[PDB]
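This report refers to the structure that appears directly beneath it.
Numbers and lists here come from the model and the stated rules, or from a named source; none is laboratory data. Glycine also receives a Cβ, built like all others from the backbone with ideal geometry; neighbour counts cover every protein chain displayed.
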DNA sequence: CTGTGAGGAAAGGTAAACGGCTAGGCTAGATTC
DNA sequence: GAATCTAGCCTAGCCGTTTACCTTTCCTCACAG
Ligand SMILES: [Zn+2]
C-alpha cells in the first residue's frame with residue numbers, strides 16, 4: 001500500500017530472508033507522530049497460547065493495540081507467501097471495537113494452501129472479546 | 001305427481017316430461033329390488049330400460065353374480081340399454097367357456113361400451129378371431145370391441161391384418177393399437193391408402209405415421225398433414241417434428257388450421273416465440289387454448305399482473321381454456337378473502353383439471369383450516385397436483401379415522417396426500433396397514449415411506465405380493481426391498497429386479513448390493529436394462545471395468561449417462577486430450593449427459609480465451625452442478 | 001524425532017422441488033344410411 | 001330411427017434434471033513427550 005495520513009509517508013523497508021520465521025513492521029500513532037516496526041519478528045510469550053493467530057506475526061498487534069491503539073493499523077510483511085488462512089478468520093475478535101489492517105508485498109501472490117488471499121482486507125470492527133485460556 | 005313418491009324438486013326437474021308416468025309406474029318394483037332415487041333418475045335416458053330391469057332382475061343376478069346396482073344402471077342407460085342386457089342374458093353362458101374365458105367385468109364393460117351389435121359380433125366370430133392367421137388374445141379382442149363403433153373394427157382387422165403386415169410391414173400390436181380407438185376402421189383404411197405417399201414424398205418414418213393415426217379422430221389428421229406440411233414448413237418456417245407433435249393429439253386438424261391462421265398475429269402483435277405457440281397447440285383442444293390466449297392475454301397481463309410467461313404456463317395443459325377463465329374469475333376473491341398470493345393460485349392452476357382444483361380450494365379452505373387444524377400452505381400443497389379435488393375430498397373424510405384408529409400424525413397424512421393419485425394411496429394405507437404390520441413385521445414408518453410417492457398403491461400391493469419370495473429365495477433383507485420400493489415406479493423396479501438378478505449375478509459377476517444400488521433410484525428398470533445391454537460392449541470396445549459402469553449407472557438418469565458416454569468417449573479422448581477416468585468422473589453425477597455436452601462445447605473457449613487448463617475445467621465439472629458453474633460462473637462474468 | 005486448540009470459509013452428499021410424457025375413461029354434439 | 005364417427009376435458013403412473021439446507025474437512029509465521 002501507498003496511502004495513509006499522519007506525519008509519515010507509506011512505504012516499508014524489506015528484508016529478504018527466505019529462512020527464519022517472519023519480519024514485520026507497524027505504523028501506529030495515538031497522540032504523537034511516534035511509530036516504529038517495534039522489532040516484531042515471530043511469536044514469543046503471549047497471554048493467549050491457545051489461539052493460533054496469537055503467535056502469527058499479524059495477530060501480535062492485539063497486544064499493545066487493545067492496550068493502546070484504538071486507532072487504525074499499518075503492517076508490512078517479509079514472508080512472500082501470503083497471509084495464513086488461520087488469520088483470515090479468528091483475527092476479528094482480538095481487536096477493539098474498530099481497527100484497520102493493511103497490505104502484504106506483491107511477491108506473496110503464489111498461494112498453494114487454502115485461503116491465503118493477497119492484498120489483505122482492512123479487517124474492520126468485530127465486537128466480541130478474546131477468550132481467556134483454560 | 002312425483003312429489004308424493006318422494007322425489008326432490010331438482011330430481012323432478014331433471015326427468016323428461018313424457019317419461020314421468022313410466023317412473024310412477026315402475027317405481028315400487030325398483031325400490032323393492034333395492035335401487036335408490038338417484039339410480040332411478042339416472043336410468044331414465046333410456047325409458048325402455050325401466051321395464052326390462054323391473055321385470056327381469058333375478059335372471060340378471062343369476063347370470064352375473066358379481067354385478068352391482070351401479071354397473072347395471074351404467075349399462076342400461078345408453079342408446080341400447082335394454083337390448084344389450086337382453087343379449088347378455090342369452091350369450092353370457094357361451095361366452096364364459098372356450099376360447100375366451102370372460103369374467104363379469106369384461107362382459108359388463110364390453111356391453112356398456114359397444115352395445116348389442118358388439119355383443120353379438122363378439123359372440124359370433126370368436127372362433128375366427130382366436131386362431132390363424134390372426135392369433136389374437138382375448139384381451140385384445142375385448143380392447144378392440146369396447147368402443148362406440150365396434151363390429152366394424154373387428155371385420156376390418158380380419159380383412160386387413162395380413163395385407164398391412166406383409167406388404168407395407170408393421171408389427172401386429174401396431175395394428176391393434178390403431179384399431180383400438182373410436183373410428184378405427186377409417187384409420188386403418190386411411191393408413192393403408194396413404195402410408196407410401198407420406199413415406200416417399202414427405203420423408204416421414206412409419207412410426208410417426210402410426211403415432212398420428214393412433215388417436216380418436218384420425219382419418220382427418222393424416223389428410224390435413226398431407227395438405228398442409230409444405231406450406232407450414234416453407235412459409236412459416238417450421239420443422240416436421242413440430243408438425244407431427246401438433247397433429248399427434250385429438251383434433252389435430254383443428255390445431256393445424258388454427259396454427260396456420262394465428263401464428264403471425266400471436267408472434268407479431270403480442271410477442272411470443274413460435275416455440276411457445278407450438279407448446280400451446282400440442283394438447284387436446286389446442287385451438288381453444290390458442291383463441292382464449294389471444295382473447296385474454298392483455299386483460300390478464302394488465303389488470304392482474306400475471307406476466308405472459310405465467311399465462312403460457314397455464315395454457316400449456318389439457319383443458320387450458322377453462323383454467324384461464326376460472327383464474328380470471330376467481331383471482332380477486334381468492335387473493336382478497338382467503339389471503340393467498342397470486343403465485344400460489346398460478347401453481348394450483350398449472351395442472352390438468354385446474355378449474356376443479358380451484359373450485360374445491362375455494363369451497364374447502366375454511367373447513368379444513370378451522371376444523372382439523374391445517375395451515376393454508378398444506379392445503380395448497382395438497383391441491384397442487386393432478387386430481388387435487390379428489391385428494392382434498394378424501395382428506396376431509398379420512399383424516400380423523402387415520403389419526404385416531406391408527407395413531408398417525410396429520411403431517412404423515414398430508415405427506416401421503418400431496419402426490420399424484422393421492423386419493424388411492426390413503427385408502428390403500430387404511431386397508432393394508434395392519435396386514436403389513438402384523439403378517440410381515442414392518443413398522444408404520446416404513447409403510448408411510450412406501451406410500452409417500454407417486455403410484456404408492458401399486459408399490460404397497462407389489463411389496464405385499466413379493467416380499468416373501470425376494471426375502472427367502474434371493475437372500476434379500478426387507479430393508480433392501482423397502483429401499484427399492486420407496487422411489488417412484490417401485491413396482492416396476494421390484495419386478496425387474498426379481499426377473500434380472502440371477503442372470504446379472506451369474507453371467508456378469510455382479511454382487512447383489514450393486515444391483516440394489518442400481519435399482520434404488522427413479523427409473524431403475526431402465527438403468528438395469530441398459531446396464532445388461534451395454535456392459536460387454538463398454539468393457540471390451542473401450543477400456544473400462546464393471547465398477548465404473550456401476551458408478552455411472554448408480555444415479556438418476558443412468559441410461560442417458562451410459563448412452564452419452566458410449567457416444568462421446570472417442571470424440572473427447574481423440575480431440576481434447578482427456579483420459580477415460582476424467583470422462584467417467586464427469587458422468588458419475590446427476591445430469592451427467594448435460595455436463596459432458598457442456599464440457600465438449602465450452603472447452604475450446606475456456607482454453608483459448610480465458611487462460612484455463614483442462615484439469616481445472618474438469619475439476620469444476622466433476623462436482624454436482626457442473627453445467628451451472630461452467631456456463632454461468634466462468635463464461636458470462638468475463 | 002512425530003502429533004495438539006478456536007473460527008468461519010469451501011466442499012461432498014442426500015432429499016425435496018420442479019418439468020414433461022404416456023395410457024386410459026367418460027360425456028355431448030355432429031354425420032351417414 | 002339405428003349405428004357410427006369427431007372434439008374436448010379429467011385422473012393415475014413413470015422417467016430426468018436442478019436447487020436449497022444440513023454436515024464432515026482444512027488451514028502454522030508455534031511446540032511436548
Ligand atoms: Zn496466521
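Check A:22, A:102 and return the single one that is closer than 19 Å to residue A:6 by Cα, within 13 Å of DNA strand D (Cβ to nearest atom) and under 12 Å from the mean Cα position of the chain (by Cα).
Values: A:22 fails: closer than 19 Å to residue A:6 by Cα.
Only one candidate qualifies: A:102.
Please go through the range B:367-397 and give me each residue that is more than 16 Å from DNA strand D (Cβ to nearest atom) and assigned to a helix (DSSP H, G or I), ordered by number. Steps first, please.
Applying the first criterion (more than 16 Å from DNA strand D (Cβ to nearest atom)) to the range B:367-397 yields B:367-376, B:378-380.
Result: B:367, B:368, B:369, B:370, B:371, B:376, B:378, B:379, B:380.
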Inset, instruction - Mind listing just one residue for me: the one in the range B:48-77 that is part of a loop (DSSP other than H, G, I, E, B) and either without any contact (Cβ under 8 Å) to a residue 24 or more places away in the chain or under 25 Å from residue B:126 (Cα atoms) (or both) and, of those, farthest from the other protein chains (Cβ to nearest Cβ)? - result: B:76
Inset, instruction - Would you check if there is a residue in the range B:235-246 being within 29 Å of the chain's Cα centre (by Cα), within 26 Å of residue B:156 (Cβ to Cβ) and outside the structural domain of residue B:113 (by TED's automatic domain parsing)? - result: yes
Legend entry - Checklist (1) farther than 23 Å from residue B:170 by Cβ; (2) not in a loop (DSSP other than H, G, I, E, B) applied to residue B:241, failing item: (1)
Inset, instruction - Give the range B:335-358 a look and list any residue that's more than 16 Å from DNA strand D (Cβ to nearest atom), assigned to a loop (DSSP other than H, G, I, E, B) and farther than 17 Å from residue B:309 by Cβ, or say none. - result: B:337, B:338, B:339, B:340
Legend entry - Qualifying position, being away from chain A (no Cβ under 14 Å), within 25 Å of residue B:541 (Cβ to Cβ) and surrounded by fewer than 15 Cβ atoms within 10 Å (Cβ to Cβ), among B:584, B:571: B:571
Inset, instruction - Please indicate, with yes or no, whether at least one residue in the range B:141-149 is over 21 Å from residue B:90 (Cα atoms), part of a helix (DSSP H, G or I) and within 16 Å of DNA strand D (Cβ to nearest atom). - result: yes
Legend entry - Test: residue in the range A:91-108 that is away from the ligand (no atom under 16 Å from the Cβ), loosely packed, with under 15 Cβ neighbours inside 10 Å and closer than 20 Å to residue A:132 by Cα: yes
Inset, instruction - Determine if the range A:41-59 includes at least one residue that is more than 14 Å from chain B (Cβ to nearest Cβ), away from DNA strand D (no atom under 14 Å from the Cβ) and in a loop (DSSP other than H, G, I, E, B). - result: no
Inset, instruction - Considering only the range A:32-54, state which residues are in contact with a helix residue (DSSP H, G or I) (Cβ under 9 Å, 6 or more places away or on another chain) and in contact (Cβ under 8 Å) with a residue 12 or more places away in the chain. - result: A:38, A:40, A:42, A:43, A:46, A:47, A:48, A:49, A:51, A:52, A:53, A:54
Legend entry - residue B:191 being buried (at least 16 other Cβ atoms within 10 Å of the Cβ), away from chain A (no Cβ under 14 Å) and more than 30 Å from residue B:75 (Cβ to Cβ): yes
Legend entry - Filter result for the condition that a residue is more than 22 Å from residue B:217 (Cα to Cα), assigned to a loop (DSSP other than H, G, I, E, B), more than 10 Å from DNA strand D (Cβ to nearest atom) and out of contact with any strand residue (DSSP E or B) (no Cβ under 9 Å at 6 or more places or on another chain), over B:167, B:128, B:132, B:111: B:132
Legend entry - helices (runs of 4 or more DSSP H) completely within the range B:417-531 that count 2 or more residues being closer than 30 Å to residue B:386 by Cβ: B:422-439, B:444-451, B:456-473, B:478-486, B:490-507
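Count, please, the residues in the range B:398-416 that happen to be in a helix (DSSP H, G or I) and free of Cβ contacts under 8 Å to residues at least 24 places away in the same chain. If you could, list the steps in order and put the result at the bottom.
Narrowing the range B:398-416 to residues in a helix (DSSP H, G or I): B:398-405, B:410-416.
If we keep only those that are free of Cβ contacts under 8 Å to residues at least 24 places away in the same chain as well, we get B:403-405, B:411, B:413.
The qualifying residues number 5.
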